[PDB]
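Just one chain follows, in the form deposited in one PDB entry, and it is written as structure tokens.
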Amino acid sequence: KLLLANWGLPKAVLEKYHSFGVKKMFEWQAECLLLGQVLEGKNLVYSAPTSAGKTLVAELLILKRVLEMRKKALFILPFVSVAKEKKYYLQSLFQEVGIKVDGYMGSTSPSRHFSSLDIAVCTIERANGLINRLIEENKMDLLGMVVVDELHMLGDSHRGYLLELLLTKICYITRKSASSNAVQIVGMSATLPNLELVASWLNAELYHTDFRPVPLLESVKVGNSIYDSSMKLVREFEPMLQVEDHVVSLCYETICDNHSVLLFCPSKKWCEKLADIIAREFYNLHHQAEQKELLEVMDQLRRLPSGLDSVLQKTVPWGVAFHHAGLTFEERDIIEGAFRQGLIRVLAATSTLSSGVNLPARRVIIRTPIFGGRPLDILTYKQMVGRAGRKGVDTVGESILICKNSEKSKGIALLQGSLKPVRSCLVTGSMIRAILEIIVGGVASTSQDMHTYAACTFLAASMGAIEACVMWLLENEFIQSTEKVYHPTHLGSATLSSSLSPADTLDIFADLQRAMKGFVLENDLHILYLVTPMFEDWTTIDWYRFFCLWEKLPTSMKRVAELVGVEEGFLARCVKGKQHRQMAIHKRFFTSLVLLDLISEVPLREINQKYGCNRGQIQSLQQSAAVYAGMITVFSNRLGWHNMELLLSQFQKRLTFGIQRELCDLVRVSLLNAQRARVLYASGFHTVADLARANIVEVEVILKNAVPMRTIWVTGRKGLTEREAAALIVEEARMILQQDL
């Protein structure tokens, strides 16, 4: 029975699955897919190692709930990078059968309407908003499927509560129409202890497996000795060519057998240092002093807005490199592709890669059990060591955690530890959000229904607050009480529409209302201070640098600075030689200055030099700001603020792509980010109309010029040759202008 052809499956999807290598399932997937009425709608909650092909069952169930019972489906993923990778994977897997798959990730939204879509690959943040939209204007009948990758995220997380709110709201909808399902829910999780609780909460069937196609050997390293998980010595490591940790010797031993290695370091500078070191030894140890593919990778990295990196330049032409959050998303994807193809053999990465893309390595060396001054998380450790072993290539996979002295204790604790149980995280902001979501959607009106809703949440399954939440929403004019039936107000409806926390929406309302009274239209800084999310921790602000920039602003910026709350007596002044709101204003002013250079098309390296923030932080900030701009635009649209929504309607795109207004029509093309559109705009093409018939060979020449074979790198298309790149550019322009009218 274990064969993808025996199971009912489209021929096109079957032949696409044979391309990636999936031709015979495992026993665990069959036992999970044949777990009673799961194929009919009885929700499903299952756990498996990430290397065991967890998502195959989810994709099969989607194809089912989409083909047989034609309806929409949601694929909720934890992060934007993995969500985009899954969106492109599902697109390449489902294009032939005609299932329109599009993504709601970060700032990007599908050009086509959600009604035209058939699968929405969403982040946790945007899937909740999508379901809120479906509930508001009565379309919950379109949804028939919801898939939640990384179900364990529903516990303690900054975006996990939105996951719970996503399901407890759906289940109520299914359990209020009952006065094998109407909306199926399929969840993928890790080896959680209380998975059952989660399975019973969602009524889903529970499937837990521990099968790993490539066996895993986790071990600790103390001095020169290697011990297994159960405090048993397994090997006496002796360095081959070393100049205790012998990290370089371990990497050398891994490399000698024509394999690759993952090296998880606790910081960025540590990754850059511990990739330089192995590069130096691989030169000296291997030169007594594919290439072509590696030179292609170097040239791909060299035609980027930030260009080549000095440490990358020293490391990459030896098989060694580093992959941390400091690099741009393009550089990170290039390095990840190079490692995936075997071109890069040693990858010094941080913990961020552990939860990100699927990047398996033969040996995973975790330098220290102490990550960022704290012991490594058991979930993080499991995520790292689950990458040890490539399916279908390696016979085994090795994880080596390097510990010492006392550190040995934390290492053995990580070796013998297990995942913590899932939580609920639900007065509190999450419960306020949930109460507002149900009341404003009209799904629940009376307080008896309000407690019934809380009887459907994970808190009720794990085993007052709702009254406090209702009181808070009533006292803050989010909700009105009539003979005590609760009805949404205009502010309460606008909060649920623009997907913002009701806690933040109060100050957002105050800030926008103050901005309407006095606005500065002679720059884009006032329209940016409103769409600037916060400071958070996107960078470590240098006070002197800030004051210097401020001393050199146009004769019109400081007008915007003083109209929003910034000062000069406290503007990188007092803090220069050394208040919770003024700090949040200046740290928002600086943040709004950086975005000012992002929408002014300033090169990332120049922004880094003038502001001191690296390019990864700048890109993260611009993505967050674009999301916030979209939310603020919807908030003003639903409040009847036509003179502000009109101003904000373009800044989401101008921040997503970091462009000027002129390119806002060119960047609609998927392959025109901010530099293949500026060089294509200077040559006279200023509209997607002039680019549909743009001379093919002409745009090839233009893309060949202006360099900061497949040197051009495209997000989701990896590397593209100039000719193929601009051919796809003109084809995308043709499709955009042809299917939008």
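Here, rigid core means the biggest group of C-alpha atoms that superpose within 1.5 Å across both forms. Residue positions are given as counts along the sequence shown, with the first one as 1.
Beyond the structure shown, there is the form deposited in another entry, which is absent from this document and is the topic of what follows.
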query: Entry of 192, 655, 186, 414 that shows, once the rigid core is matched between the shown form and the other one, a C-alpha shift of 2 Å or more; finding: 655
query: Rigid core superposition, residue 129 Cα moves 2 angstroms or more between the shown form and the other one; finding: no
query: Large Cα shift (2 Å or above) at residue 390 between the shown form and the other one, core-fitted; finding: no
query: Residue shift check between the shown form and the other one, rigid core fit, residue 227 Cα at least 2 Å; finding: no
